[PDB]
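# Observations on the three-dimensional arrangement
These are the residues of each chain, in order.
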Amino acid sequence: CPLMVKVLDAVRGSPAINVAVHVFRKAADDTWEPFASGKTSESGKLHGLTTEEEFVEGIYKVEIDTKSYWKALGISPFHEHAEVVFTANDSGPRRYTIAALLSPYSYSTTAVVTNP
Amino acid sequence: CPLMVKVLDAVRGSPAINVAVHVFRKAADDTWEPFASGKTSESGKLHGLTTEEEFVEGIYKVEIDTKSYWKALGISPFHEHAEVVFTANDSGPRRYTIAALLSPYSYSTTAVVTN
Amino acid sequence: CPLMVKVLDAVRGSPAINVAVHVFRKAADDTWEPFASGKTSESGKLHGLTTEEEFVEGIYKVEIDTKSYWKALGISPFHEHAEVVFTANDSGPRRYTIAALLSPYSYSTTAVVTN
Amino acid sequence: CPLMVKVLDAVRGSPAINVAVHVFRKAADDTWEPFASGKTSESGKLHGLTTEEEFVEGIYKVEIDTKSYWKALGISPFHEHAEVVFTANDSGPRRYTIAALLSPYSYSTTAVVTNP
């Protein structure tokens, strides 16, 4: 499990459940190509996005669909989504956890990177 | 103005207005003594807490009354208050801004220390 | 000034100075078109990005070049840049401040939307 | 495990290891009484602070010794420690996770509260 996404709700103090997540990888032609996607679970985690074989070196963008999340909760938030862009695996395979902490007008994102 | 406090509300996307802020200085017996206090303005700021003359090196605690802030908005919060504890040193730059960004179950605080 | 950007450095406890900031507006074909850009000042602020007349409702992206900021400080960062994407609506208040607080492996961004 | 503390280092993108943590509980006389303490592990977590039996209703303060952490890393930080104060268990037992995300001049703290 080379890449995991974890999302928390700062208004309720709980995992953010059912959050849509789309990962893209920057292509040779320079455009964003769809790479993987999924929804967070009851713990606020999204496992199984990818495998060590597929998750090669490159520039990746993890889009977290914060606006859908807030609206399904009846709330009208500021941001369209949270976007986290980073180069991955360029000195060998790492494990990456992308955490995000959501409020309606604010979010925080943190990367925890450990050597597999 | 050597010490300024600034508070933002992450749920409404606004300055946090009328938030009570109490500052204490650690005394030689180790208790916290009231030092200054105020309420944040319409822009979420509290100016005029002390003067250069009074703000000597020492250990200070800034308590930001978040719980009453969230309750006046009808929103259920987690913390009793947010608390920022630090040593003021004449070495480093000269003005201290303590900024805090509040959510009901989360906050962050940052020291902006400048000349 | 309807749109202002403000950036703080959580490692040094200072405004983030000379940070490049590019703003884009989503076009009808769905591409991002350059809209405005600048570098943050000595107080970590970027004023003068647009005018009321130009800043119409639409979807905007603000890209904050954190990677080059950390590299000029000799500090190894994680993200390529920080990216804030939002719809500007004439309904809500009238001035938008996008604030960001940067660490090498973490950032937060907050929209302060006021009258 | 009713109360767990998790600490991350935002400069390195990794768990904050060996962080001292002291919990206090506000006493009848109104002073802070020592309640429990421990150090974070290699994952940045501190388990076993307390038990459901001991962790009764009250006002608790979790002090995270951020200044020692930064200094053992050769860094001179702003804050003495991070202090997280909250009422616990006042409508029954909950599980509480207190997370903190540390930078030398800044920290974030989040509470995740779930029903046991």
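Method-wise, the PDB entry is recorded as coming from X-ray crystallography, at a reported resolution of 1.99 Å.

Chain A carries the name Transthyretin in the PDB entry, which gives Homo sapiens as its organism.

Chain B has the name Transthyretin in the PDB entry, where Homo sapiens is given as its organism. Listed under Function in UniProt, the entry text for chain B is "Thyroid hormone-binding protein. Probably transports thyroxine from the bloodstream to the brain." Listed under Subunit in UniProt, the entry text for chain B is "Homotetramer. Dimer of dimers. In the homotetramer, subunits assemble around a central channel that can accommodate two ligand molecules. Interacts with RBP4."

## Examining the sheet that holds strand 6 (residues 58–64) of chain D
In spatial order, the strands read 4(B)-3(B)-6(B)-7(B)-7(D)-6(D)-3(D)-4(D); together these eight strands make up an open sheet with antiparallel pairing. Since the sheet does not close on itself, it has two edges, and those belong to strand 4 (32–39) of chain B together with strand 4 (32–39) of chain D, each with one partner. The average angle at which neighbouring strand axes cross in this sheet is 20°, direction not considered. In this structure, strand 3 (residues 20–26) of chain D lies alongside strand 4 of chain D, joined through seven bridges in antiparallel fashion. Among the inter-strand pairings, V23(D) is bridged to a residue of strand 4 of chain D, identified as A36(D).

## A word on the nonpolar core
Ranked by internal contacts, the top residues of the largest apolar core, which has 117 residues, are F86(A), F86(B), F86(C) and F86(D). Setting aside residues up to four positions removed in sequence, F86(D) forms contacts with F78(B), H79(B), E80(B), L3(D), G58(D), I59(D), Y60(D), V62(D), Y96(D) and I98(D).

## Considerations on the side chain of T114(C)
By secondary structure assignment, the location of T114(C) is in strand 9 (residues 106–114). On the accessibility criterion, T114(C) (18% relative accessible area) is buried. Excluding residues that lie within four positions of it along the chain, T114(C) makes contacts with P15(B), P93(C), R94(C) and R95(C).

Cut-off values and rules
- Residues numbered from 1 in each chain as written, not as in the entry; some residues may be left out.
- Chains lettered and ligands numbered in written order.
- Heavy atoms only, no water.
- UniProt positions renumbered as here; feature names shortened; annotations may be inferred.
- Pairing = 2+ DSSP bridges.
- Helix = DSSP H or I, 4+ residues; strand = E, 2+ residues; numbered from the N terminus.
- Axes fitted to C-alpha atoms, helices over the stretch in contact; angles between N-to-C directions.
- Core = buried A, V, L, I, M, F, W, Y, C linked by side-chain atoms within 4.5 Å.
- Buried < 20%, exposed > 50% of the residue type's maximum accessible area, 1.4 Å probe, protein only.
- Contact = heavy atoms within 4.5 Å.

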